[PDB]
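Participant: So here's start.txt (compact mmCIF, C-alpha atoms and all ligand atoms).
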# COMPACT_ATOMS: atom_id res chain seq x y z
CA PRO P 1 6.88 -44.13 -46.59
CA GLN P 2 9.90 -41.82 -46.76
CA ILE P 3 9.58 -38.50 -48.59
CA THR P 4 12.69 -36.66 -49.73
CA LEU P 5 12.59 -32.88 -50.00
CA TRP P 6 14.07 -32.29 -53.47
CA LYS P 7 10.55 -31.21 -54.43
CA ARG P 8 7.54 -29.98 -52.50
CA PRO P 9 6.15 -32.80 -50.28
CA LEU P 10 2.74 -32.87 -51.95
CA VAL P 11 0.43 -35.80 -51.19
CA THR P 12 -3.18 -36.69 -51.96
CA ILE P 13 -5.69 -36.08 -49.18
CA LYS P 14 -9.40 -36.82 -48.85
CA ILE P 15 -11.62 -34.34 -46.99
CA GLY P 16 -15.35 -33.68 -47.20
CA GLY P 17 -15.67 -36.34 -49.88
CA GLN P 18 -13.10 -34.62 -52.12
CA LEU P 19 -9.56 -35.55 -53.16
CA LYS P 20 -6.96 -32.78 -53.14
CA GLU P 21 -3.20 -32.26 -53.13
CA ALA P 22 -1.66 -30.82 -49.96
CA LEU P 23 1.74 -30.04 -48.47
CA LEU P 24 3.03 -32.01 -45.51
CA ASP P 25 4.20 -28.88 -43.70
CA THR P 26 6.23 -29.15 -40.50
CA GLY P 27 6.28 -25.34 -40.34
CA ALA P 28 2.50 -25.04 -39.89
CA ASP P 29 0.94 -25.48 -36.45
CA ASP P 30 -2.47 -26.11 -38.00
CA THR P 31 -3.95 -27.33 -41.27
CA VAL P 32 -5.11 -24.75 -43.84
CA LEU P 33 -7.09 -25.75 -46.92
CA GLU P 34 -8.16 -23.87 -50.05
CA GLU P 35 -11.66 -22.39 -50.07
CA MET P 36 -14.24 -25.17 -49.96
CA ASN P 37 -17.90 -25.28 -48.92
CA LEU P 38 -17.78 -27.53 -45.88
CA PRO P 39 -21.00 -28.00 -43.87
CA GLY P 40 -21.29 -27.32 -40.17
CA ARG P 41 -20.47 -24.51 -37.81
CA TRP P 42 -17.18 -22.64 -37.76
CA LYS P 43 -15.36 -19.85 -35.96
CA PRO P 44 -13.53 -16.92 -37.59
CA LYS P 45 -9.75 -16.87 -37.27
CA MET P 46 -6.77 -14.97 -38.66
CA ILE P 47 -3.43 -16.66 -39.33
CA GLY P 48 -0.17 -14.99 -40.23
CA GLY P 49 2.89 -15.80 -42.27
CA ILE P 50 5.20 -14.27 -44.82
CA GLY P 51 3.31 -11.36 -46.34
CA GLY P 52 0.84 -10.93 -43.48
CA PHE P 53 -2.46 -12.46 -42.37
CA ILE P 54 -5.40 -14.10 -44.11
CA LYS P 55 -8.90 -14.67 -42.77
CA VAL P 56 -9.95 -18.31 -42.42
CA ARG P 57 -12.88 -20.35 -41.14
CA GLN P 58 -11.98 -22.79 -38.37
CA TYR P 59 -13.78 -26.14 -38.48
CA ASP P 60 -13.28 -28.67 -35.68
CA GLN P 61 -13.25 -32.48 -35.70
CA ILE P 62 -12.98 -32.76 -39.49
CA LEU P 63 -12.02 -36.17 -40.85
CA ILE P 64 -9.06 -36.18 -43.25
CA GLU P 65 -7.28 -39.10 -44.89
CA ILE P 66 -3.63 -38.50 -45.79
CA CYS P 67 -2.00 -41.19 -47.96
CA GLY P 68 -4.44 -43.74 -46.59
CA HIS P 69 -3.75 -42.61 -43.00
CA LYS P 70 -6.91 -41.37 -41.28
CA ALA P 71 -6.90 -38.34 -38.99
CA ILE P 72 -9.43 -36.03 -37.34
CA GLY P 73 -8.84 -32.51 -36.11
CA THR P 74 -9.07 -28.81 -36.80
CA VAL P 75 -9.08 -27.60 -40.41
CA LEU P 76 -8.85 -23.93 -41.39
CA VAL P 77 -10.46 -22.93 -44.69
CA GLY P 78 -9.60 -19.73 -46.52
CA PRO P 79 -7.80 -18.06 -49.44
CA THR P 80 -4.54 -19.92 -49.03
CA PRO P 81 -2.52 -20.45 -52.24
CA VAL P 82 -1.72 -24.06 -51.27
CA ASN P 83 -3.31 -26.82 -49.22
CA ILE P 84 -1.21 -27.20 -46.06
CA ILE P 85 -1.22 -30.20 -43.73
CA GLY P 86 -0.02 -28.93 -40.36
CA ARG P 87 1.41 -30.57 -37.27
CA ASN P 88 -2.03 -31.00 -35.68
CA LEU P 89 -2.65 -33.74 -38.27
CA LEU P 90 0.94 -34.80 -39.06
CA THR P 91 1.28 -36.11 -35.49
CA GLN P 92 -1.85 -38.22 -36.02
CA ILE P 93 -0.35 -40.07 -39.01
CA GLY P 94 2.98 -40.72 -37.28
CA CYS P 95 5.03 -38.26 -39.36
CA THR P 96 8.54 -37.35 -38.25
CA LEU P 97 11.55 -35.44 -39.55
CA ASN P 98 14.76 -37.44 -39.81
CA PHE P 99 18.36 -36.52 -40.55
CA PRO F 1 17.89 -37.35 -34.94
CA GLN F 2 14.22 -38.28 -35.26
CA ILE F 3 11.98 -35.28 -34.52
CA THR F 4 8.33 -35.73 -33.62
CA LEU F 5 5.85 -32.95 -34.36
CA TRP F 6 3.80 -32.44 -31.20
CA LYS F 7 5.89 -29.28 -30.72
CA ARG F 8 7.34 -26.88 -33.28
CA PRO F 9 10.53 -28.41 -34.82
CA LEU F 10 12.80 -25.63 -33.57
CA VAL F 11 16.57 -26.09 -33.67
CA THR F 12 19.65 -23.99 -33.06
CA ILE F 13 21.50 -22.76 -36.14
CA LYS F 14 24.86 -21.04 -36.56
CA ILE F 15 25.15 -18.40 -39.27
CA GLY F 16 27.67 -15.60 -39.62
CA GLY F 17 29.23 -16.85 -36.38
CA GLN F 18 26.02 -16.21 -34.42
CA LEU F 19 23.67 -18.73 -32.83
CA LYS F 20 19.94 -18.45 -33.54
CA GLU F 21 16.78 -20.52 -33.28
CA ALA F 22 15.00 -21.55 -36.48
CA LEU F 23 12.02 -23.64 -37.55
CA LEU F 24 12.48 -26.71 -39.74
CA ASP F 25 9.81 -25.94 -42.33
CA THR F 26 9.10 -28.56 -45.00
CA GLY F 27 6.47 -26.23 -46.48
CA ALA F 28 9.11 -23.64 -47.39
CA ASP F 29 11.03 -23.89 -50.65
CA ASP F 30 13.53 -21.33 -49.38
CA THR F 31 15.19 -20.34 -46.12
CA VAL F 32 14.11 -16.97 -44.71
CA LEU F 33 15.63 -15.41 -41.58
CA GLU F 34 14.61 -12.33 -39.62
CA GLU F 35 16.44 -9.04 -40.12
CA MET F 36 20.15 -9.43 -39.36
CA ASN F 37 23.60 -8.38 -40.51
CA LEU F 38 25.45 -10.81 -42.79
CA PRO F 39 28.81 -10.30 -44.51
CA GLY F 40 29.15 -10.22 -48.28
CA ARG F 41 27.08 -8.99 -51.18
CA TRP F 42 23.34 -9.46 -51.57
CA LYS F 43 20.64 -8.82 -54.15
CA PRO F 44 17.08 -7.52 -53.65
CA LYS F 45 14.49 -10.25 -54.18
CA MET F 46 10.80 -10.89 -53.53
CA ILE F 47 9.23 -13.94 -51.88
CA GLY F 48 5.56 -14.82 -51.41
CA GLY F 49 3.96 -16.52 -48.42
CA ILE F 50 0.45 -17.27 -47.18
CA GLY F 51 -0.24 -13.56 -46.76
CA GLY F 52 1.42 -11.97 -49.78
CA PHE F 53 4.89 -10.91 -50.84
CA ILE F 54 7.77 -9.25 -49.00
CA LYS F 55 11.10 -7.76 -50.03
CA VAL F 56 14.16 -9.73 -48.93
CA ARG F 57 17.93 -9.58 -49.31
CA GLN F 58 19.26 -12.70 -51.01
CA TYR F 59 22.63 -13.99 -49.77
CA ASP F 60 24.07 -16.81 -51.86
CA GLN F 61 26.49 -19.55 -50.85
CA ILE F 62 26.24 -18.77 -47.13
CA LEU F 63 27.67 -21.18 -44.58
CA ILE F 64 25.02 -22.29 -42.08
CA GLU F 65 25.06 -25.13 -39.56
CA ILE F 66 21.70 -26.64 -38.60
CA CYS F 67 21.48 -28.82 -35.49
CA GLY F 68 25.12 -29.82 -35.95
CA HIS F 69 24.87 -30.39 -39.72
CA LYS F 70 26.63 -28.09 -42.17
CA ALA F 71 25.04 -26.54 -45.26
CA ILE F 72 26.06 -23.91 -47.81
CA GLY F 73 23.27 -22.24 -49.73
CA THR F 74 20.94 -19.33 -50.27
CA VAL F 75 19.61 -17.43 -47.26
CA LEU F 76 16.94 -14.75 -47.62
CA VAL F 77 16.79 -12.02 -44.96
CA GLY F 78 13.68 -9.94 -44.37
CA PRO F 79 10.48 -9.39 -42.36
CA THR F 80 9.48 -13.02 -41.98
CA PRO F 81 7.46 -13.75 -38.81
CA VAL F 82 9.95 -16.43 -37.71
CA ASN F 83 13.27 -17.86 -38.87
CA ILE F 84 12.44 -20.75 -41.21
CA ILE F 85 14.77 -23.38 -42.65
CA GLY F 86 13.46 -24.37 -46.08
CA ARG F 87 13.96 -27.30 -48.41
CA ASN F 88 17.00 -25.74 -50.10
CA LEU F 89 18.93 -26.42 -46.86
CA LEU F 90 16.89 -29.32 -45.44
CA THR F 91 18.01 -31.40 -48.43
CA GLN F 92 21.66 -30.59 -47.69
CA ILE F 93 21.48 -31.97 -44.14
CA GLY F 94 19.74 -35.07 -45.46
CA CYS F 95 16.34 -34.32 -43.95
CA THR F 96 13.36 -36.49 -44.95
CA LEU F 97 9.76 -36.92 -43.85
CA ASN F 98 8.78 -40.38 -42.63
CA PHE F 99 5.46 -41.94 -41.63
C1 LIG R 1 5.40 -18.78 -39.47
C2 LIG R 1 6.07 -20.04 -40.02
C3 LIG R 1 5.64 -20.33 -41.46
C4 LIG R 1 5.87 -19.12 -42.36
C5 LIG R 1 4.17 -20.72 -41.45
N1 LIG R 1 3.74 -21.10 -42.79
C6 LIG R 1 3.99 -22.45 -43.26
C7 LIG R 1 5.11 -22.45 -44.29
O1 LIG R 1 5.52 -23.77 -44.53
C8 LIG R 1 4.65 -21.82 -45.61
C9 LIG R 1 3.61 -22.68 -46.33
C10 LIG R 1 3.33 -22.06 -47.69
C11 LIG R 1 3.91 -22.70 -48.95
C12 LIG R 1 3.63 -22.07 -50.31
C13 LIG R 1 2.79 -20.80 -50.42
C14 LIG R 1 2.22 -20.16 -49.16
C15 LIG R 1 2.49 -20.79 -47.79
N2 LIG R 1 5.79 -21.74 -46.49
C16 LIG R 1 6.43 -20.48 -46.79
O2 LIG R 1 5.99 -19.44 -46.41
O3 LIG R 1 7.61 -20.61 -47.53
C17 LIG R 1 8.23 -19.39 -48.12
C18 LIG R 1 9.44 -19.48 -47.97
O4 LIG R 1 9.85 -20.50 -49.03
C19 LIG R 1 8.90 -20.22 -50.16
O5 LIG R 1 8.14 -21.62 -50.61
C20 LIG R 1 6.90 -21.53 -50.27
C21 LIG R 1 6.62 -20.05 -50.12
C22 LIG R 1 8.03 -19.43 -49.73
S1 LIG R 1 2.25 -20.42 -43.26
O6 LIG R 1 1.79 -20.92 -44.55
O7 LIG R 1 2.34 -18.96 -43.41
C23 LIG R 1 1.05 -20.84 -41.99
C24 LIG R 1 0.39 -22.21 -42.02
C25 LIG R 1 -0.61 -22.54 -40.93
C26 LIG R 1 -0.93 -21.50 -39.87
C27 LIG R 1 -1.93 -21.84 -38.78
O8 LIG R 1 -1.23 -22.60 -37.85
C28 LIG R 1 -0.26 -20.14 -39.86
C29 LIG R 1 0.74 -19.80 -40.94
Translate this structure into structure tokens?

Facilitator:
Amino acid sequence: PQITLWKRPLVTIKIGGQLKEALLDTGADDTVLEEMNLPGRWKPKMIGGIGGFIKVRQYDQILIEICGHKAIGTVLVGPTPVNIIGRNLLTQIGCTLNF
Amino acid sequence: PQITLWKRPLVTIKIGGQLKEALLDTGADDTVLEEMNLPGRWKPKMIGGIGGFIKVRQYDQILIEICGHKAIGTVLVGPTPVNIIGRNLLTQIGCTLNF
């Protein structure tokens, strides 16, 4: 589909057997999701933006479905105020910017 | 143009007569640029990101050209980690997400 930007580009995602709302975010290198108790191993990471850094848990090869489009890649989990779909997964669903 | 997302969507902007590089950021409501001198009046504002809140100077009705497309809108100036073009201007240049 085509998503205009009058409002936040929020879409439904499915990860770890849960449905959530997330931003399609061309400004994020990687995907960051609200705190959730995912199984498996993880590595600590710190990511920075406006206001400073937050601590997140990096999970690899996580399956995510975005608007019925399947993807698999790195997912960072931590105290983010919003679920953020980053370019690492946006490329996998064929998402582009157009103007 | 059509911009794929395997690299950061960085473009050249013109603001205040000066060329800069900025990130097309669909996850940003607002446009936030690194510290710089801009003509005209401004007002102190706050904006929150993934890591907390920062103080910014809000410039309204500023002329800014983004990848050859003209916009006139609000530009916030402050200690953002990178220049980001937010939805307030992405809408003006007719930018959409497509997959
Ligand atoms: C360094 C370039 C951007 C600032 C990066 N951000 C993505 C950005 O889209 C965030 C994503 C975002 C969106 C809402 C709340 C917190 C973060 N939006 C944002 O900060 O926008 C601000 C400016 O407009 C306002 O609208 C939203 C907040 C204001 S981010 O959230 O901080 C970020 C995301 C992912 C990683 C790991 O790669 C690192 C940083």

Participant: Which of these, F:44, F:27, F:52, F:17, has the shortest distance to residue F:76 once you count only C-alpha atoms?

Facilitator: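 Nearest candidate to residue F:76 out of F:44, F:27, F:52, F:17: F:44.
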
Participant: With all C-alpha atoms paired in order, what RMSD does the least-squares fit of chain P onto chain F leave?

Facilitator: 0.6 Å

Participant: May I ask which of the residues P:12, P:31, P:92, P:26 is the closest one to chain F, counting all atoms listed in the file?

Facilitator: P:26

Participant: Taking (23.4, -30.7, -45.1) in the file's coordinates as the center, which residues reach within 12 Å of it, counting only C-alpha atoms, put as a ChimeraX atom specification?

Facilitator: /P:99 /F:63-73,85-96

Participant: Those same residues - C-alpha atoms - I'd like them written as an mmCIF file, in the frame of the given file.

Facilitator:
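Listed below is the output, out_22.cif:
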data_model
loop_
_atom_site.group_PDB
_atom_site.id
_atom_site.type_symbol
_atom_site.label_atom_id
_atom_site.label_comp_id
_atom_site.auth_asym_id
_atom_site.auth_seq_id
_atom_site.Cartn_x
_atom_site.Cartn_y
_atom_site.Cartn_z
ATOM 1 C CA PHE P 99 18.360 -36.520 -40.550
ATOM 2 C CA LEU F 63 27.670 -21.180 -44.580
ATOM 3 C CA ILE F 64 25.020 -22.290 -42.080
ATOM 4 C CA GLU F 65 25.060 -25.130 -39.560
ATOM 5 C CA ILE F 66 21.700 -26.640 -38.600
ATOM 6 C CA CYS F 67 21.480 -28.820 -35.490
ATOM 7 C CA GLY F 68 25.120 -29.820 -35.950
ATOM 8 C CA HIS F 69 24.870 -30.390 -39.720
ATOM 9 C CA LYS F 70 26.630 -28.090 -42.170
ATOM 10 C CA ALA F 71 25.040 -26.540 -45.260
ATOM 11 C CA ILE F 72 26.060 -23.910 -47.810
ATOM 12 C CA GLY F 73 23.270 -22.240 -49.730
ATOM 13 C CA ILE F 85 14.770 -23.380 -42.650
ATOM 14 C CA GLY F 86 13.460 -24.370 -46.080
ATOM 15 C CA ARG F 87 13.960 -27.300 -48.410
ATOM 16 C CA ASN F 88 17.000 -25.740 -50.100
ATOM 17 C CA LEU F 89 18.930 -26.420 -46.860
ATOM 18 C CA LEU F 90 16.890 -29.320 -45.440
ATOM 19 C CA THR F 91 18.010 -31.400 -48.430
ATOM 20 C CA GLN F 92 21.660 -30.590 -47.690
ATOM 21 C CA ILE F 93 21.480 -31.970 -44.140
ATOM 22 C CA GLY F 94 19.740 -35.070 -45.460
ATOM 23 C CA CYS F 95 16.340 -34.320 -43.950
ATOM 24 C CA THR F 96 13.360 -36.490 -44.950
#

Participant: Would you list which chain P residues are within 9 Å of chain F using all atoms listed in the file, as a ChimeraX atom specification?

Facilitator: /P:1-9,23-29,47-54,79-82,84,87-88,90-91,93-99

Participant: For ligand LIG 1 (chain R), which residue out of P:39, P:61, P:13, P:34 is the nearest one, using all atoms listed in the file?

Facilitator: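 Distance minimum relative to ligand LIG 1 (chain R) lands on P:34.
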
Participant: Can you take the partial stretch 31-48 of chain P, add N, CA, C and O atoms, and return it as a JSON list (two decimals), keeping the file's coordinate frame?

Facilitator:
[["chain", "number", "residue", "atom", "x", "y", "z"],
["P", 31, "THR", "N", -3.66, -26.99, -39.89],
["P", 31, "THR", "CA", -3.95, -27.33, -41.27],
["P", 31, "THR", "C", -4.80, -26.24, -41.91],
["P", 31, "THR", "O", -5.81, -25.81, -41.33],
["P", 32, "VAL", "N", -4.41, -25.80, -43.11],
["P", 32, "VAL", "CA", -5.11, -24.75, -43.84],
["P", 32, "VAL", "C", -5.41, -25.28, -45.24],
["P", 32, "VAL", "O", -4.50, -25.72, -45.94],
["P", 33, "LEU", "N", -6.68, -25.22, -45.63],
["P", 33, "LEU", "CA", -7.09, -25.75, -46.92],
["P", 33, "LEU", "C", -7.74, -24.66, -47.76],
["P", 33, "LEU", "O", -8.40, -23.75, -47.23],
["P", 34, "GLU", "N", -7.56, -24.77, -49.08],
["P", 34, "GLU", "CA", -8.16, -23.87, -50.05],
["P", 34, "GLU", "C", -9.65, -23.71, -49.78],
["P", 34, "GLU", "O", -10.27, -24.57, -49.15],
["P", 35, "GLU", "N", -10.23, -22.61, -50.25],
["P", 35, "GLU", "CA", -11.66, -22.39, -50.07],
["P", 35, "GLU", "C", -12.44, -23.61, -50.51],
["P", 35, "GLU", "O", -12.21, -24.15, -51.60],
["P", 36, "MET", "N", -13.33, -24.08, -49.64],
["P", 36, "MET", "CA", -14.24, -25.17, -49.96],
["P", 36, "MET", "C", -15.47, -25.03, -49.07],
["P", 36, "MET", "O", -15.39, -24.52, -47.96],
["P", 37, "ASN", "N", -16.61, -25.48, -49.59],
["P", 37, "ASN", "CA", -17.90, -25.28, -48.92],
["P", 37, "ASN", "C", -18.18, -26.47, -48.02],
["P", 37, "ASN", "O", -18.98, -27.36, -48.33],
["P", 38, "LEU", "N", -17.52, -26.48, -46.86],
["P", 38, "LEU", "CA", -17.78, -27.53, -45.88],
["P", 38, "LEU", "C", -19.05, -27.22, -45.09],
["P", 38, "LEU", "O", -19.31, -26.06, -44.77],
["P", 39, "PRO", "N", -19.84, -28.23, -44.75],
["P", 39, "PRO", "CA", -21.00, -28.00, -43.87],
["P", 39, "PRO", "C", -20.57, -27.90, -42.41],
["P", 39, "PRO", "O", -19.46, -28.26, -42.03],
["P", 40, "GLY", "N", -21.50, -27.41, -41.60],
["P", 40, "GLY", "CA", -21.29, -27.32, -40.17],
["P", 40, "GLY", "C", -20.92, -25.92, -39.73],
["P", 40, "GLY", "O", -20.74, -24.99, -40.53],
["P", 41, "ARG", "N", -20.82, -25.78, -38.42],
["P", 41, "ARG", "CA", -20.47, -24.51, -37.81],
["P", 41, "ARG", "C", -18.97, -24.28, -37.88],
["P", 41, "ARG", "O", -18.17, -25.20, -38.09],
["P", 42, "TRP", "N", -18.58, -23.02, -37.69],
["P", 42, "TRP", "CA", -17.18, -22.64, -37.76],
["P", 42, "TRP", "C", -16.98, -21.34, -36.99],
["P", 42, "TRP", "O", -17.94, -20.62, -36.71],
["P", 43, "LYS", "N", -15.73, -21.06, -36.66],
["P", 43, "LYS", "CA", -15.36, -19.85, -35.96],
["P", 43, "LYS", "C", -14.37, -19.04, -36.80],
["P", 43, "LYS", "O", -13.49, -19.63, -37.43],
["P", 44, "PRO", "N", -14.51, -17.72, -36.85],
["P", 44, "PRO", "CA", -13.53, -16.92, -37.59],
["P", 44, "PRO", "C", -12.16, -16.95, -36.93],
["P", 44, "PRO", "O", -12.05, -17.01, -35.70],
["P", 45, "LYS", "N", -11.12, -16.89, -37.76],
["P", 45, "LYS", "CA", -9.75, -16.87, -37.27],
["P", 45, "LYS", "C", -8.88, -16.15, -38.28],
["P", 45, "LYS", "O", -9.22, -16.07, -39.47],
["P", 46, "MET", "N", -7.77, -15.59, -37.80],
["P", 46, "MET", "CA", -6.77, -14.97, -38.66],
["P", 46, "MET", "C", -5.43, -15.61, -38.38],
["P", 46, "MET", "O", -5.06, -15.82, -37.22],
["P", 47, "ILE", "N", -4.71, -15.97, -39.44],
["P", 47, "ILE", "CA", -3.43, -16.66, -39.33],
["P", 47, "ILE", "C", -2.41, -15.90, -40.16],
["P", 47, "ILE", "O", -2.74, -15.36, -41.22],
["P", 48, "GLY", "N", -1.18, -15.84, -39.66],
["P", 48, "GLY", "CA", -0.17, -14.99, -40.23],
["P", 48, "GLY", "C", 1.04, -15.77, -40.71],
["P", 48, "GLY", "O", 1.40, -16.80, -40.15]]
